[PDB]
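Q: so I've got this experimental structure, pasted below with the sequence.
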Amino acid sequence: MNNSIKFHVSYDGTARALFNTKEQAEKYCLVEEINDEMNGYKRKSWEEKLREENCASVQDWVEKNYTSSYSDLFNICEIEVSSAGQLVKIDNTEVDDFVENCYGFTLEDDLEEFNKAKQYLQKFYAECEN
């Protein structure tokens, strides 16, 4: 029985990626969001910030002072993934509870709905990594 810990990062409803380290996951999302901003609106401002902050890369700027574009809209949750890849538990909670809690369906009441929710929740994690 092998267990692995992954940090699920959810931004704007979409997932950013999966990782096992704070600076690894945080810098992954932080460089991703800012890059989107670099479309040309705040790109000039961001380029100035990196240089002014004396940072070769945005990733350096994260681990450096652990600061960067970050709003309360940011949603993070920890998940557990089997060494085989199969999901076993998420958010220190059995996904079985999540499906009944959000979908309002019970296995006995409608196992058909349960399976849908179970596979629906798996996609959020396996597909989170895009």
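A: Good, I have the coordinates. Residues are numbered from 1 along each chain as shown.
Q: what's the longest helix in the chain?
A: Of all segments of type helix in the chain, defined using DSSP state H, the longest is helix 107-126.
Q: list the buried residues for that helix?
A: Residues of helix 107-126 classed as buried: 113, 114, 117, 118, 121, 124, 125 (neighbour count, 16 or more other CB atoms under 10 Å). All C-beta atoms are positioned from the backbone trio N, CA, C, and that covers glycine.
Q: partner strands of the helix or strand hosting residue 16 and their direction?
A: When elements are assigned from DSSP states H and E, residue 16 belongs to strand 14-19. Its sheet considered, strand 14-19 pairs with strand 3-11 (antiparallel) by DSSP bridges.
Q: how big is the angle separating the strand it pairs with from helix 107-126?
A: Per axes from the mean of the first three to the mean of the last three CA atoms, to 10 degrees, the angle that strand 3-11 makes with helix 107-126 is 80 degrees.
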